[PDB]
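Presented below is the structure to which this report refers.
Protein chains in written order, with the numbering used here: chain E, 1 to 225; chain V, 1001 to 1213; chain F, 2001 to 2029; chain H, 3001 to 3293.
Right, here's the structure in full:
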């Protein structure tokens, strides 16, 4: 099958160098141009540059010329993108993609895409979160519906997962995007609305896991007295 | 060669017909492609040569135009069609330019948020800092305003906001706003309120509590 | 009027041993 | 529709159609039936299976080369000699420049072929490298298809008169056409001068030259005039194209500096200075056969 496979997500400190790579398979790698594309979190697609794998002819967008180095290794069917010294503004998803032509040979487009490499650049270091309860009360009730939640605070890097009742509770759960605090640490909240009559009768336990710190927490959320 | 897409965002319901335009700063004949991207997914080639469908693309997609004005039409929107669409001139091979994208949002009837306020946990006060959380649940449209007031004084600069994706089942948004104070500032005050302004409310809603339940 | 399947099979991998001829030679069909 | 080939020299080189090159009639009659028809496979995907498009092309090109080799054998009256080998070499070379897109005749069915090839190989800056790579890995198999007919007919008696290494040698189209033209010249020239010595040889009375009165010898000088004037025309534009092509090319050809180098390589008994005289009508035999003085 025709495929581009990019290397894994990267978390780096300002000033480090970094090279991400993209491996082609299922086609003649040296016969096609390979492009590189940046997508900032929440923004659109930015063409960065393109390389012809067969002879390493390389073109850059004006906005990326001199900021980054695109290269290729035919012997291992790999194209690469590298920075000599990362900035926090380089935090973004990076795609490689094959340029190919239509049945007439005149119309070019990006037809095979890699899955993307996420690069996060921060002077923060790995840290597991604290988990605090968002307890339900009379002031978190409308109708006969109560809201409760978990506050997952002060962690890095970005990926933390939240389930409720080991996965048996999924209806009415909202797990918000993380916000990046001024400390360089992330903080998210996960909340679920439940029937107020289920309180004191059904338990609600949020299961928080942050792999990079090997933190696993199960916080039992109770009403307060 | 500059590519301008418009509108940047569009709301429509399943069944609607929608049209997205893309303008080129100079003529490029039919050297225009379109890509679809769903969140957390890689872009997928959808249309090429201005109007040719890629394999597997359902026929309700069509592309039009030649020169500088180009159009993407979806004759009847399907749930899977809500995504972001990018155009891309293929006129200066292999130097590429993209448009800035048009995002398809699911239109829906107005729903007012339900509002809950959460004092900081005693556990967290132990750590030396205090987070007050204000939750706006299941509302539409996305536009909403949260104002924090501590003893009637409007807070500024010490809160942060986060919004979910449109809910898969009811298409609403949920918002979560956190006011961060030092445990010292927190215990120096009594009344904590968040005030919510949204289209579905006749007038703003305040939820509040007194430090010491 | 050629057997084009034979042409195809003949164009590669055949490998028989005919000898070199002098360029001034002259034979007939 | 690949027709029997026209008699050699029935139509001389053509400098009037494209006014920067003289095109041999062999090139005009190059068999391109299958190369011109070829259509798209079923896929409807954006990007097709190029590997299989190239295999489709190889098959089509092998059929056209086989037919060409058959008609070139028939043009030579079914003689397997060096003149046939040269033709096989010239048409293989022309197939090559069509495949690589460096062919000098851009007329009619050749423009359609170029679009068929663009659909297989694409059109970006690098497609030409790709077309050349595929030609180089295919050209010997294409040559073998051109030898299918002689091989098949001679059966047990076949021998390698034509040499594979010589025929697959890549060099610009204009070098190969000069070679072909030099051989055409060397076959017309002794025919054209003996057609003079029929009428103008010796001296009328003992002291006058026959061309100064004898009308059968003046019409023979008028025809050798038309012929040498064409040869001179053809040599000028081909040398112009040679000079234009040479120093507009970076792949150098050690041993070729000017058009005369090519004729010297190709023609046994080539005399550069006798040839320069022959075409400029100042050679020794033209003077005492055709000039009153």
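Using N, Cα and C, we set each Cβ at its ideal position, and we do this for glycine too.
- Message: For residue 3247/H, count the other beta carbons within 10 Å of its own beta carbon; 16 or more makes it buried, fewer makes it exposed. Which is it?
- Response: To locate residue 3247/H, count along the fourth chain from 1; it is residue 247. With fewer than 16 neighbouring CB atoms inside 10 Å of its own CB, residue 3247/H falls in the exposed class.
- Start and end residues, beta strand (DSSP E) containing residue 1131/V: Numbered from 1 along the second chain, position 131 holds the residue referred to as residue 1131/V. Run containing residue 1131/V: 1129 to 1139, per the beta strand (DSSP E) assignment.
- For residue 1055/V, go through chain H and note every residue whose CB falls closer than 9 Å to its CB, in chain order. Within the second chain, the letter at position 55 stands for residue 1055/V. Under the 9 Å cutoff, chain H gives 3043, 3044, 3045 and 3046.
- Message: Is residue 1048/V close to chain H? Criterion is C-beta to C-beta, closer than 8 Å.
- Response: The residue you call residue 1048/V lines up with position 48 of the second chain. Chain H contact via Cβ: present.
- Query: Which residues mark the beginning and the end of the beta strand (DSSP E) in which residue 226/E is found?
  - Reply: Past the edges of chain E, shown from 1 to 225, lies residue 226/E, and the structure says nothing about it.
- Reducing DSSP to helix, strand and coil, say where residue 207/E ends up. On the first chain, residue 207/E is found 207 positions in, with the first residue counted as 1. Strand, per DSSP.
- Those residues which DSSP pairs with residue 1112/V across a bridge: Within the second chain, residue 1112/V is the residue found at index 112, counting from 1. Bridge partners of residue 1112/V: none, in fact.
- Message: Using only CA atoms, which one of 85/E, 220/E, 41/E and 70/E lies nearest to residue 163/E?
- Response: Taking the first chain and counting its residues from 1, the one referred to as residue 163/E is at position 163. Nearest C-alpha to residue 163/E: 220/E.
- Query: Using the beta-carbon of each residue, which ones in chain F are nearer than 8 Å to residue 3133/H?
  - Reply: Along the fourth chain, read from residue 1 onward, the residue named residue 3133/H stands at position 133. Those within 8 Å of residue 3133/H in chain F number zero; the least Cβ separation is about 18 Å.
- Task: Classify residue 3217/H as helix, strand or coil using the three-state DSSP reduction.
- Result: Reading the fourth chain from its first residue, position 217 is the one you call residue 3217/H. In the three-state reduction of the DSSP assignment, residue 3217/H falls in the helix class, which pools H, G and I.
- Query: Expressed to the nearest angstrom, what Euclidean distance is found between the alpha-carbon atoms of residue 218/E and residue 191/E?
  - Reply: Along the first chain, one-based indexing puts residue 218/E at 218. Along the first chain, one-based indexing puts residue 191/E at 191. Roughly 14 Å separates the two Cα atoms.
- Task: Pair every Cβ in the stretch 1062 to 1077 of chain V with every Cβ in the stretch 1012 to 1031 of chain V, then say whether three or more of these pairs are closer than 8 Å.
- Result: Judged by Cβ distances under 8 Å, the stretch 1062 to 1077 of chain V makes contact with the stretch 1012 to 1031 of chain V, as three or more pairs qualify.
- Task: Check whether the Cβ of residue 2026/F lies closer than 8 Å to any Cβ atom in chain H.
- Result: Here residue 2026/F refers to the residue found at position 26 when the third chain is read from its first residue. Yes, contact with chain H.
- Cβ pair count under 8 Å reaching 3, the stretch 3027 to 3039 of chain H against the stretch 3110 to 3118 of chain H: Touching, yes, given that three or more Cβ pairs across the two stretches are closer than 8 Å.
- Query: Are the Cβ atoms of residue 3079/H and residue 2009/F separated by less than 8 Å?
  - Reply: Sequence index remark: in the fourth chain, residue 3079/H carries index 79 (1-based). Sequence index remark: in the third chain, residue 2009/F carries index 9 (1-based). Their beta carbons are not under 8 Å apart, which means residue 3079/H does not touch residue 2009/F by this criterion.
- Could you confirm whether any beta carbon from chain H is found closer than 8 Å to the beta carbon of residue 2017/F? Counted from its first residue, the third chain places residue 2017/F at position 17. So, not an interface residue.
- Message: If distances are taken between C-alpha atoms only, which option among 3238/H, 3290/H, 3274/H and 3041/H comes closest to residue 3016/H?
- Response: For the purposes of this step, residue 3016/H is identified with residue 16 of the fourth chain, where counting begins at 1. For residue 3016/H, the nearest C-alpha among the options comes from 3238/H.
- Task: Please report how far the alpha carbon of residue 1260/V lies from the alpha carbon of residue 151/E, in whole angstroms.
- Result: No information on residue 1260/V is available, as it lies outside the stretch 1001 to 1213 that chain V covers here.
- Task: Taking residue 84/E as the reference, give the member of 92/E, 35/E, 23/E and 70/E with the closest Cα.
- Result: Counted from its first residue, the first chain places residue 84/E at position 84. Of the candidates 92/E, 35/E, 23/E and 70/E, the one whose C-alpha sits nearest the C-alpha of residue 84/E is 70/E.
- Task: Mind the definition here: the stretch 3114 to 3130 of chain H touches the stretch 3062 to 3082 of chain H only if three or more C-beta pairs lie below 8 Å; say whether that holds.
- Result: no
- Message: Using only the alpha-carbon positions, how far apart do residue 1143/V and residue 1198/V sit?
- Response: Walking along the second chain from the start, residue 1143/V turns up at place 143. Walking along the second chain from the start, residue 1198/V turns up at place 198. Distance between the alpha carbons of residue 1143/V and residue 1198/V is about 7 Å.
- Using the rule of at least 16 other Cβ atoms within 10 Å of the residue's Cβ for burial, across every protein chain shown, is residue 3055/H buried or exposed? The residue labelled residue 3055/H in the question sits at position 55 within the fourth chain. When all chains shown are included, residue 3055/H counts as exposed.
- Query: Between the Cα of residue 12/E and the Cα atoms of 42/E, 41/E, 74/E and 158/E, which residue gives the shortest distance?
  - Reply: The count along the first chain starts at 1 and reaches residue 12/E at position 12. Looking at the Cα atoms, 158/E is the closest of the given residues.
- Query: For residue 3103/H, which residues of its own chain have a beta-carbon under 6 Å away from its beta-carbon, when the five flanking residues on both sides are left out?
  - Reply: Locating residue 3103/H in the fourth chain gives position 103, where the first residue counts as 1. Here the set comprises 3097.
- Query: Among 175/E, 27/E, 51/E and 24/E, which has the Cα closest to the Cα of residue 34/E?
  - Reply: Taking the first residue of the first chain as 1, we reach residue 34/E at position 34. The residue with the shortest Cα to Cα distance from residue 34/E is 51/E.
- Once you ignore the five residues that flank residue 1218/V on each side, which residues in its own chain have a CB closer than 7 Å to its CB? Residue 1218/V is absent from the model: chain V starts at 1001 and stops at 1213.
- Taking one C-beta from the stretch 1104 to 1122 of chain V and one from the stretch 1047 to 1061 of chain V each time, how about it: are there three or more such pairs within less than 8 Å? no
- Query: Cα separation between residue 3154/H and residue 3084/H?
  - Reply: Translated into positions along the fourth chain, residue 3154/H becomes position 154. Translated into positions along the fourth chain, residue 3084/H becomes position 84. For residue 3154/H and residue 3084/H, the distance between alpha carbons rounds to 14 Å.
- Partners in chain V for residue 3124/H, counting only beta-carbon separations shorter than 9 Å: Working through the fourth chain from its first residue, we reach residue 3124/H at position 124. Around residue 3124/H, the beta-carbon contacts reaching into chain V at under 9 Å are 1093 and 1094.
- Item | Where residue 3176/H falls: helix, strand or coil (DSSP) | Mapped onto the fourth chain, residue 3176/H falls at position 176. Taken through DSSP and simplified to helix, strand or coil, residue 3176/H comes out as helix.
- Smallest Cα separation from residue 3208/H: which of 3293/H, 3127/H, 3272/H and 3177/H? Indexing the fourth chain from 1 puts residue 3208/H at position 208. Among 3293/H, 3127/H, 3272/H and 3177/H, the Cα nearest to that of residue 3208/H is on 3293/H.
- Can you tell which of 1157/V, 1035/V, 1165/V and 1115/V has the C-alpha that lies nearest to the C-alpha of residue 110/E? Within the first chain, residue 110/E is the residue found at index 110, counting from 1. Nearest to residue 110/E by alpha-carbon distance, out of 1157/V, 1035/V, 1165/V and 1115/V, is 1035/V.
- Out of 115/E, 156/E and 99/E, state which residue places its alpha-carbon closest to the alpha-carbon of residue 127/E. To locate residue 127/E, count along the first chain from 1; it is residue 127. Of the candidates 115/E, 156/E and 99/E, the one whose C-alpha sits nearest the C-alpha of residue 127/E is 156/E.
- Query: So what's residue 1105/V in DSSP terms, helix, strand or just coil?
  - Reply: On the second chain, position 105 is the one that residue 1105/V refers to. Strand at residue 1105/V.
- Message: Taking 8 Å as the threshold (beta carbon to beta carbon), is residue 3167/H in contact with chain F?
- Response: Here the question's residue 3167/H lines up with position 167 in the fourth chain. So, not an interface residue.
- Please confirm whether residue 4/E and residue 1086/V have their CB atoms less than 8 Å apart. Taking the first chain and counting its residues from 1, one reaches residue 4/E at position 4. Taking the second chain and counting its residues from 1, one reaches residue 1086/V at position 86. No. Outside cutoff.
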